[PDB]
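*Asks:* Once you've had a glance at the structure underneath, I'll fire off some questions.
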Amino acid sequence: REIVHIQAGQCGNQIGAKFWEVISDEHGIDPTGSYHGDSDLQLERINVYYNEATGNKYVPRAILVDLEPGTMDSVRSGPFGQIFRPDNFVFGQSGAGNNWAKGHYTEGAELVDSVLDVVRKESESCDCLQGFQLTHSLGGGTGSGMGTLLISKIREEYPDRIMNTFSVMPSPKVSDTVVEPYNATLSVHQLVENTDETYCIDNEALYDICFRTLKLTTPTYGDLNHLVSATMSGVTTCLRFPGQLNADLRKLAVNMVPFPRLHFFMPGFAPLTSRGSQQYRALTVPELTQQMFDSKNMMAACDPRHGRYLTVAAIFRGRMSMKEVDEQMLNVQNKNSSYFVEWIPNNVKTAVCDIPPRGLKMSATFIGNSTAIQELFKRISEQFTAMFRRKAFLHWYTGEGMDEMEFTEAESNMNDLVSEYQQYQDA
Amino acid sequence: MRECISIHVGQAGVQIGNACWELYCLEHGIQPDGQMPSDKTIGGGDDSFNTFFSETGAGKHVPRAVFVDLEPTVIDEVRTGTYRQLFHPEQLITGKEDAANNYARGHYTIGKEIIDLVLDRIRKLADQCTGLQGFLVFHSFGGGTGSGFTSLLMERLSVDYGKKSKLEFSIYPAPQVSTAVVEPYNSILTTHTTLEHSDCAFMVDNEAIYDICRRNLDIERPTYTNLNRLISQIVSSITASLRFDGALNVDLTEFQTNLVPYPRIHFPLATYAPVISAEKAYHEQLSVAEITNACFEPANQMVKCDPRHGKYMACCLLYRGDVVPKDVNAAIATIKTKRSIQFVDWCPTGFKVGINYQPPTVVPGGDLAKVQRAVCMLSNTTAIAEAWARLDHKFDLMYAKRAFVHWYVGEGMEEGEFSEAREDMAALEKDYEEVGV
Amino acid sequence: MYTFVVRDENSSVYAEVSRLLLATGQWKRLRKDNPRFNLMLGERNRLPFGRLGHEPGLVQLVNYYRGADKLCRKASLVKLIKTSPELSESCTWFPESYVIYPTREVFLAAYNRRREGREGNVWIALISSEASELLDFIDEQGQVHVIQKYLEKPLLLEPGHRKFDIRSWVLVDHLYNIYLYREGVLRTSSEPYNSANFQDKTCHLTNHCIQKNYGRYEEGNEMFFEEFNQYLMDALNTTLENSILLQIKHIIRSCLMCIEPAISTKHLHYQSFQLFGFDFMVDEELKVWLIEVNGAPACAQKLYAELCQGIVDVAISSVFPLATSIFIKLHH
Amino acid sequence: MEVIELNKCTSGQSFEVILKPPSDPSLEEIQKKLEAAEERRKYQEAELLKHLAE
Ligand SMILES: Nc1nc2c(ncn2[C@@H]2O[C@H](COP(=O)(O)OP(=O)(O)OP(=O)(O)O)[C@@H](O)[C@H]2O)c(=O)[nH]1
Ligand SMILES: COc1cc(C(=O)c2cnc(-c3c[nH]c4cccc(C)c34)[nH]2)cc(OC)c1OC
Ligand SMILES: Nc1nc2c(ncn2[C@@H]2O[C@H](COP(=O)(O)OP(=O)(O)O)[C@@H](O)[C@H]2O)c(=O)[nH]1
Ligand SMILES: [Ca+2]
Ligand SMILES: [Mg+2]
Ligand SMILES: [Mg+2]
């Protein structure tokens, strides 16, 4: 059951590259795509993310997309750039200028068919394609605008497959440009209709985790991406390794998503770790459980205590007593029953994987469909209207052919999304 | 002799079929290559074990069984496992992508595409049957295939085999081993559609099998392999009369005659004892009165409920091992005085008993210990309706918010089929209510 | 921390227990329909016993015994005694009783015997001396009532010729230990007793509210045990224990050990305790009779503090430990 | 009490002890529900591919 991975834009390719670094290392694949590992459990489900090339080399089933060649040239020169298929690099030249309209309507349109051709070439060789995962950001132009254009076009050509995104939400604490609320609000409107599962990775939360918990005084995008590549390895554990649940992208959406629009999950990771610095005192399972439900480990700046969990999926990596895991997971549900909806029974799921991530003896990844995620969309909706009611910076978009209406519409659909999350918060 | 065809649907059905057929082979002295030395009639026979195994001129004994999953992962293990040579591949049927925990996907979308293939492969087994009595269907309530495709298959067998009996071994869903949050939906949807097409259904609540494995086998975290090897002993107890010489429950129609006086109320409660650990070698062998007494402790039931607060409509005792009728009647008299065994006014307060002297067999290196005598009680008691209420409540909690209903409508189902199924279940609880008070 | 839910808000008793439970810092109250509870103070109509004991990692306890209605429903109480060879033939402590269905033979079969023996032929549902005045009266109701002998020779406190009944509170825990509360109550009629023409409504049928006088001799018509023992001591040269309590403890033990194999939760997937309330009557021969069993009882305002605590000590915290006695264990 | 109908075999025996006496759809109609849901499948998908056309 193969997955086709797509990374678009600066942020898309950087967290995209690190992801392939992390999971290649976990599966024992080298920058040359040759398997030098010590366990056949590394290979059992390697076809999900890797194609088997000639000479038994492994090539990521990955498509790299950008409207300028800068970031993708850096990936190719990066640590693992040689593992990627060179035909799967698809770049433009003029760039999208942190402009949703350029990625979605004008500059992206020239390039979008060249990408879909590479997508088709990868899907055709799949035994049984289950779906796609897109890494991108919502604040820029290429990943924000062209990414949501590919999603709409992939839905056209593969309407019965799963669309998965790791979408990086913008924050003034980590801000490239004042138009980021415009780009995100236009992308969220697309994600609501054309994705099945979206991991809301808020740069606001990644900064606070780097600054406050990790005591990094001035963190880089590489420090934030370290947190992202660890989360992405977590949420993909049951895909990449064998388990009891017979895990696929569709079953995840069936069980996580009670209503089709409310498919925006808060990721979480434990323990939280900085780069290079190693932790030697391993954790107790009570510590893993307690941290992964703690707001300080949430990758979206929302307080889950300000909402209620519709569904939760926890995945533990490492050698540990699964009876203790069950006891501890049952403990937090029973101690905090008010923060779980009572009309969805048995709405917490726990899987375990024996293989730990490089660095830690045991980890825990958290995925949550909380109604507190509205706090994130409220943030974007406020930052949006602060500019929009003066029509500020709108010339950047109308010059590319867009109308004021399309902004007003996107504003309303997101505000609707907020009120729906509030609908089920007060049940 | 009259043949019975076993059909295993979905992961739970397939894996339990493995558990049962491995045990069936050990009981009948059949080897993983199909050879049965003790069988002198080579290439044929109307013996009782031929009710479940047909024969080839080469001396192989082949299960009258078909395995169907909408995904190859579980059945491919059968194709490569210890008993790979037992089945011919036309009996192992796989799709490419499962029903994703969705009844509507298993019944309509993927089921419609493969139902005719399965029925054709089933017809190949029926055309080796001089007199077919019916089918034994193994499935789960919770999976999309186990729930969706089974109700489709069961509707069709009523058409193609109208007069043949159909029995169910159904796995009732339990959070301790739950694969999906929508399993109450799948359970109610499948039971409603299948009810008219099933003659007798033995529900096995995974919660019961879990706790039994934990208490009596001292397994802190039981596996599917742990659960299924226990279940196969209960299934073996129920089918033994069809595979061995005996007077009780010889045809499939006797199960409904002895256990089902009312058509809708066809869910007997199975109770099995003794379950003793293989690691505990220091043991104390339980008498007839001790194991019969355990049949009325709810901890040994395949569904947790309180028979004392319900009425019985029929009660069978299936003993295996060193048992004589005198000790049985003595045990019954002792128990009758000390336990709340109320029968309905329209049925006799009797017990139908059968005894097989071959003691229960155990898988070598299993978790179950070899015992001198075992019993399986089959009681049709209204107290089992507790399981329906539990299931229907969880259904009512989610459906009030129409949670997850869109995944089902997105496959062609209508919201009204949910309400049809829940009303049927609501009637089923009332039917159990009238009989029990 | 332990968790509990409250599904009977009119419970005079368990209102206090949830108050005491919260006031420990080790118990949190959830919403009524939250399934992840350690303890349930369930309702009185259709308590969902079938849904209890199925939460993983949760020891569930409930304050009601499934099947105790047959002891607390008069029509079934009567049926329980006539049939059970644990109480048959004629347990010398239960009034000769009969159940009557409104639109039967045995009620008349012995009614003649007590006018043709010229015996005490008074009965009770409300009261009357003639059969037709109740059989036709029950037919007026539609609800099935029971009919039984009316004890015409009551013991009477002095001064005042006061008729009373005795209510002892009993607590059975998950181990089926029978705990009799050391403090009982006498609900004395505050008005003297009529003995011949009983058409007078509340002149003799003692109910705590039917007397609505009510609160004259001692507050609330409630004489506690320390006084009733002293009256017997001074007025009859005996004690409450010998004259009355040995029989009360016998009947409680007898009634509760009868239905024990039917309601016990010894090996169930959920545990159960229940507070019962027995109602007794004493005649002039110092002979204790069983009026009714009340499975949803209420205490007296002087004793709530002490009783509603002993429930927590021996019936709740014995299953959910934290970090002299007021009961009398009736051994069996 | 009363043991009745005892049949003895070499593998075992059977009997019945009493303690007290007492006191389908058509293949046609299947497709008219099966196929009627493949159509709702396609009506919903058409409205999607139409919405993507706009
Ligand atoms: N006792 C037992 N229960 C099982 C087994 N496998 C799955 N289950 C239970 O079955 C339910 C799900 O049914 P599955 O058989 O896994 O579903 P399926 O038939 O494969 O349907 P799909 O969703 O298409 O995969 C869960 O509640 C499990 O607890 C098994 O091998 N033994
Ligand atoms: C445990 O996490 C996951 C689970 C699945 C998965 O296939 C799955 C199948 N069935 C369930 C659930 C069953 N009951 C639930 C209650 C709440 C939440 C969930 C997910 C469930 N999950 C897939 C995942 O990656 C694709 C995944 O991430 C690592
Ligand atoms: N976490 C993280 N965020 C990034 C990274 N690069 C850019 N961003 C965020 O993404 C937004 C800029 O979008 P960008 O990807 O550079 O524009 P694009 O090339 O048109 O897709 C800003 O809000 C940045 O904070 C990165 O490497 N890591
Ligand atoms: Ca033969
Ligand atoms: Mg940038
Ligand atoms: Mg399956």
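If you're wondering about the labels, chains in the structure tokens are A, B, ... by order shown, residues count from 1 in each chain, ligands from 1 in order shown.
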Taking only C-alpha atoms and all ligand atoms into account, list the residues no farther than 10 Å from ligand 5, as a ChimeraX atom specification.

*Replies:* /A:9-11,71,97-98,137,139-142,175-177

*Asks:* Report as a compact mmCIF listing (two decimals) with N, CA, C and O atoms, in the first residue's frame which protein, DNA and RNA residues come within 6 Å of ligand 2, using only C-alpha atoms and all ligand atoms.

*Replies:*
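Wrote pocket_18.txt, looks like this:
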```txt
# COMPACT_ATOMS: atom_id res chain seq x y z
N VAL A 235 4.16 10.23 13.60
CA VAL A 235 2.84 10.00 13.01
C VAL A 235 2.90 8.97 11.88
O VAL A 235 1.86 8.43 11.49
N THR A 236 4.09 8.69 11.35
CA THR A 236 4.26 7.71 10.29
C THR A 236 4.79 6.38 10.79
O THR A 236 5.17 5.53 9.97
N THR A 237 4.84 6.17 12.10
CA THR A 237 5.41 4.93 12.63
C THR A 237 4.57 3.72 12.24
O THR A 237 5.10 2.71 11.77
N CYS A 238 3.24 3.80 12.42
CA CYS A 238 2.40 2.65 12.10
C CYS A 238 2.30 2.40 10.61
O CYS A 238 1.96 1.29 10.20
N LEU A 239 2.58 3.41 9.78
CA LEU A 239 2.69 3.16 8.35
C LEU A 239 3.97 2.42 8.02
O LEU A 239 3.96 1.47 7.23
N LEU A 245 -2.81 -3.09 14.27
CA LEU A 245 -3.97 -2.40 13.72
C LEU A 245 -4.15 -2.54 12.22
O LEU A 245 -5.23 -2.20 11.72
N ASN A 246 -3.15 -3.03 11.49
CA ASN A 246 -3.21 -3.04 10.03
C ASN A 246 -3.54 -1.63 9.52
O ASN A 246 -4.62 -1.35 8.99
N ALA A 247 -2.56 -0.75 9.72
CA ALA A 247 -2.77 0.69 9.67
C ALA A 247 -2.64 1.21 8.24
O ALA A 247 -1.70 0.86 7.53
N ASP A 248 -3.59 2.06 7.84
CA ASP A 248 -3.49 2.76 6.57
C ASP A 248 -4.10 4.15 6.74
O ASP A 248 -4.72 4.47 7.76
N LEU A 249 -3.91 4.98 5.71
CA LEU A 249 -4.35 6.37 5.79
C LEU A 249 -5.87 6.48 5.87
O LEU A 249 -6.39 7.39 6.52
N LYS A 251 -8.20 4.23 7.20
CA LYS A 251 -8.71 3.88 8.52
C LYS A 251 -8.43 4.98 9.54
O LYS A 251 -9.22 5.19 10.46
N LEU A 252 -7.30 5.67 9.39
CA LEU A 252 -6.99 6.79 10.28
C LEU A 252 -8.04 7.89 10.12
O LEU A 252 -8.53 8.43 11.12
N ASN A 255 -11.52 6.81 11.60
CA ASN A 255 -11.64 6.81 13.05
C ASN A 255 -11.37 8.17 13.68
O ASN A 255 -11.94 8.48 14.73
N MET A 256 -10.52 8.99 13.06
CA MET A 256 -10.21 10.30 13.61
C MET A 256 -11.28 11.34 13.30
O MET A 256 -11.51 12.24 14.11
N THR A 311 -11.31 12.80 19.08
CA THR A 311 -10.56 11.56 18.98
C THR A 311 -9.11 11.83 19.32
O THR A 311 -8.62 12.95 19.14
N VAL A 312 -8.42 10.80 19.81
CA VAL A 312 -6.99 10.89 20.10
C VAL A 312 -6.33 9.60 19.63
O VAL A 312 -6.89 8.51 19.79
N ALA A 313 -5.15 9.73 19.03
CA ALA A 313 -4.34 8.57 18.64
C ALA A 313 -2.94 8.76 19.19
O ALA A 313 -2.26 9.73 18.85
N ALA A 314 -2.51 7.83 20.04
CA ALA A 314 -1.19 7.86 20.63
C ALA A 314 -0.39 6.67 20.12
O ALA A 314 -0.91 5.56 20.01
N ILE A 315 0.88 6.92 19.81
CA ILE A 315 1.80 5.89 19.34
C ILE A 315 3.09 5.96 20.15
O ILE A 315 3.78 6.99 20.17
N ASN A 347 -12.73 6.59 22.30
CA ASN A 347 -12.21 7.48 21.26
C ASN A 347 -10.72 7.76 21.43
O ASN A 347 -10.21 8.71 20.82
N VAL A 348 -10.01 6.95 22.21
CA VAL A 348 -8.56 7.04 22.32
C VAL A 348 -7.98 5.71 21.88
O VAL A 348 -8.45 4.65 22.31
N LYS A 349 -6.97 5.76 21.03
CA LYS A 349 -6.34 4.57 20.47
C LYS A 349 -4.84 4.63 20.70
O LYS A 349 -4.22 5.68 20.55
N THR A 350 -4.27 3.48 21.05
CA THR A 350 -2.86 3.39 21.41
C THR A 350 -2.22 2.26 20.61
O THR A 350 -2.70 1.12 20.65
N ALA A 351 -1.17 2.59 19.88
CA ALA A 351 -0.36 1.60 19.19
C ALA A 351 1.06 1.67 19.73
O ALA A 351 1.47 2.68 20.31
N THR B 179 -10.57 -2.41 17.02
CA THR B 179 -9.90 -1.88 15.83
C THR B 179 -10.53 -0.60 15.30
O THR B 179 -9.97 0.00 14.37
N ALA B 180 -11.66 -0.16 15.84
CA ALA B 180 -12.34 0.97 15.25
C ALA B 180 -13.35 1.56 16.23
O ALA B 180 -13.91 0.86 17.07
N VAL B 181 -13.56 2.87 16.09
CA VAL B 181 -14.53 3.59 16.92
C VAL B 181 -15.95 3.43 16.39
O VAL B 181 -16.90 3.76 17.11
```

*Asks:* Name the residues of stretch 7-235 of chain A that fall into alpha helix (DSSP H) according to DSSP on the backbone, using the chain letters and numbers of this document, as number ranges by chain.

*Replies:* A: 9-26, 70-77, 100-104, 107-124, 147-157, 180-194, 203-208, 221-235

*Asks:* Which chains and residue numbers are within 9 Å of ligand 3, counting only C-alpha atoms and all ligand atoms, if I want them as a ChimeraX atom specification?

*Replies:* /A:8-15,66-68,71,95-100,102-103,136-147,168-177,180,201-204,206-207,220-228

*Asks:* Return as a ChimeraX atom specification every polymer residue, whether protein, DNA or RNA, with at least one atom no more than 12 Å from an atom of ligand 6; count only C-alpha atoms and all ligand atoms.

*Replies:* /A:244-248,251 /B:8-15,68-76,94-102,106,139-140,142-149,179-180

*Asks:* Return the neighbours of chain A among the residues of chain D, cut-off 12 Å, counting only C-alpha atoms, as a PyMOL selection string.

*Replies:* chain D and resi 41-42+44-54

*Asks:* Could you list, as a list in words, all protein and nucleic acid residues with an atom at most 6 Å from ligand 4, counting only C-alpha atoms and all ligand atoms?

*Replies:*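 These are the residues that qualify: residues 39, 41, 42, 44 and 45 of chain B.
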
*Asks:* Each residue of chain A lying at most 9 Å from chain C should get a row with its shortest atom-to-atom pair and the distance in Å to one decimal, counting only C-alpha atoms; could you produce that, ordered by chain and increasing number, as JSON lines?

*Replies:*
```
{"residue": "A:326", "atom": "CA", "partner": "C:57", "partner_atom": "CA", "distance": 8.4}
{"residue": "A:327", "atom": "CA", "partner": "C:57", "partner_atom": "CA", "distance": 6.8}
{"residue": "A:330", "atom": "CA", "partner": "C:57", "partner_atom": "CA", "distance": 6.7}
{"residue": "A:331", "atom": "CA", "partner": "C:57", "partner_atom": "CA", "distance": 8.4}
{"residue": "A:333", "atom": "CA", "partner": "C:36", "partner_atom": "CA", "distance": 8.3}
{"residue": "A:334", "atom": "CA", "partner": "C:36", "partner_atom": "CA", "distance": 6.1}
{"residue": "A:335", "atom": "CA", "partner": "C:1", "partner_atom": "CA", "distance": 7.2}
{"residue": "A:337", "atom": "CA", "partner": "C:36", "partner_atom": "CA", "distance": 7.3}
{"residue": "A:338", "atom": "CA", "partner": "C:30", "partner_atom": "CA", "distance": 7.7}
{"residue": "A:342", "atom": "CA", "partner": "C:34", "partner_atom": "CA", "distance": 6.3}
{"residue": "A:345", "atom": "CA", "partner": "C:35", "partner_atom": "CA", "distance": 8.8}
```

*Asks:* Can you list, as JSON, numbers by chain, every protein, DNA or RNA residue that comes within 9 Å of residue A:302 when you count only C-alpha atoms, leaving out same-chain residues fewer than 3 positions away?

*Replies:* {"A": [205, 266, 295, 298, 299, 305, 306, 372, 373, 374, 375, 376]}

*Asks:* If we count only C-alpha atoms, what is near residue C:282 at a cut-off of 10 Å, once residues fewer than 4 positions away on the same chain are taken out, given as number ranges by chain?

*Replies:* C: 151, 153-156, 163-166, 243-244, 286-290

*Asks:* Contacts of residue D:37 at 9 Å or less, counting only C-alpha atoms, minus same-chain residues fewer than 3 places along, as a PyMOL selection string?

*Replies:* (chain B and resi 108-109+411-414) or (chain D and resi 32-34+40-42)

*Asks:* For those residues, write N, CA, C and O atoms to a file as an mmCIF file, in the first residue's frame.

*Replies:*
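So selection-v2.cif came out as:
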```cif
data_model
loop_
_atom_site.group_PDB
_atom_site.id
_atom_site.type_symbol
_atom_site.label_atom_id
_atom_site.label_comp_id
_atom_site.auth_asym_id
_atom_site.auth_seq_id
_atom_site.Cartn_x
_atom_site.Cartn_y
_atom_site.Cartn_z
ATOM 1 N N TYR B 108 -21.540 -2.682 0.042
ATOM 2 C CA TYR B 108 -21.897 -2.121 -1.258
ATOM 3 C C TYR B 108 -20.691 -1.971 -2.180
ATOM 4 O O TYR B 108 -20.644 -2.597 -3.242
ATOM 5 N N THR B 109 -19.718 -1.145 -1.805
ATOM 6 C CA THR B 109 -18.656 -0.759 -2.728
ATOM 7 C C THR B 109 -17.771 -1.936 -3.133
ATOM 8 O O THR B 109 -17.784 -2.347 -4.297
ATOM 9 N N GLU B 411 -20.619 5.925 0.680
ATOM 10 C CA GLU B 411 -20.512 4.668 -0.043
ATOM 11 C C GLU B 411 -21.819 4.246 -0.689
ATOM 12 O O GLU B 411 -21.879 3.171 -1.296
ATOM 13 N N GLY B 412 -22.860 5.061 -0.590
ATOM 14 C CA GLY B 412 -24.134 4.779 -1.206
ATOM 15 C C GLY B 412 -25.233 4.511 -0.207
ATOM 16 O O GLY B 412 -26.413 4.592 -0.566
ATOM 17 N N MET B 413 -24.876 4.207 1.037
ATOM 18 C CA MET B 413 -25.871 3.944 2.058
ATOM 19 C C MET B 413 -26.660 5.212 2.359
ATOM 20 O O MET B 413 -26.197 6.336 2.144
ATOM 21 N N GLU B 414 -27.868 5.019 2.870
ATOM 22 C CA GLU B 414 -28.727 6.125 3.252
ATOM 23 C C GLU B 414 -28.792 6.203 4.769
ATOM 24 O O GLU B 414 -28.714 5.185 5.464
ATOM 25 N N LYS D 32 -31.722 -4.256 -6.823
ATOM 26 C CA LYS D 32 -32.457 -3.001 -6.726
ATOM 27 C C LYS D 32 -32.105 -2.212 -5.469
ATOM 28 O O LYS D 32 -32.480 -1.038 -5.368
ATOM 29 N N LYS D 33 -31.396 -2.821 -4.518
ATOM 30 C CA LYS D 33 -30.767 -2.089 -3.426
ATOM 31 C C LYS D 33 -29.257 -1.983 -3.568
ATOM 32 O O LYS D 33 -28.681 -0.974 -3.155
ATOM 33 N N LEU D 34 -28.604 -2.992 -4.153
ATOM 34 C CA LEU D 34 -27.172 -2.906 -4.417
ATOM 35 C C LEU D 34 -26.870 -1.845 -5.467
ATOM 36 O O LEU D 34 -26.137 -0.884 -5.206
ATOM 37 N N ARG D 40 -25.979 6.349 -6.373
ATOM 38 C CA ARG D 40 -25.710 7.406 -5.405
ATOM 39 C C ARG D 40 -24.215 7.644 -5.247
ATOM 40 O O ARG D 40 -23.787 8.781 -5.027
ATOM 41 N N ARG D 41 -23.408 6.586 -5.367
ATOM 42 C CA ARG D 41 -21.959 6.754 -5.411
ATOM 43 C C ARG D 41 -21.546 7.651 -6.568
ATOM 44 O O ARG D 41 -20.678 8.519 -6.414
ATOM 45 N N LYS D 42 -22.154 7.450 -7.740
ATOM 46 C CA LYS D 42 -21.757 8.199 -8.928
ATOM 47 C C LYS D 42 -22.412 9.573 -8.999
ATOM 48 O O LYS D 42 -21.819 10.500 -9.560
#
```

*Asks:* Can you list, as a PyMOL selection string, all residues belonging to stretch 147-191 of chain C that DSSP tags as strand (DSSP E or B)?

*Replies:* chain C and resi 147-149+154+157+162+164-172+178-181+185-188

*Asks:* Find the nearest atom pair between each residue of chain D and chain B for residues within 6 Å, count only C-alpha atoms, give distances in Å to one decimal, sort rows by chain and ascending number, and present the table as JSON lines.

*Replies:*
```
{"residue": "D:11", "atom": "CA", "partner": "B:357", "partner_atom": "CA", "distance": 5.3}
{"residue": "D:12", "atom": "CA", "partner": "B:356", "partner_atom": "CA", "distance": 4.3}
{"residue": "D:13", "atom": "CA", "partner": "B:355", "partner_atom": "CA", "distance": 5.1}
{"residue": "D:14", "atom": "CA", "partner": "B:354", "partner_atom": "CA", "distance": 4.1}
{"residue": "D:15", "atom": "CA", "partner": "B:353", "partner_atom": "CA", "distance": 5.3}
{"residue": "D:16", "atom": "CA", "partner": "B:352", "partner_atom": "CA", "distance": 4.2}
{"residue": "D:17", "atom": "CA", "partner": "B:351", "partner_atom": "CA", "distance": 5.2}
{"residue": "D:18", "atom": "CA", "partner": "B:350", "partner_atom": "CA", "distance": 3.7}
{"residue": "D:19", "atom": "CA", "partner": "B:350", "partner_atom": "CA", "distance": 5.4}
{"residue": "D:20", "atom": "CA", "partner": "B:349", "partner_atom": "CA", "distance": 5.3}
{"residue": "D:21", "atom": "CA", "partner": "B:348", "partner_atom": "CA", "distance": 4.6}
{"residue": "D:22", "atom": "CA", "partner": "B:348", "partner_atom": "CA", "distance": 4.5}
{"residue": "D:23", "atom": "CA", "partner": "B:345", "partner_atom": "CA", "distance": 4.8}
{"residue": "D:37", "atom": "CA", "partner": "B:412", "partner_atom": "CA", "distance": 4.2}
{"residue": "D:40", "atom": "CA", "partner": "B:412", "partner_atom": "CA", "distance": 5.2}
{"residue": "D:41", "atom": "CA", "partner": "B:412", "partner_atom": "CA", "distance": 5.1}
```
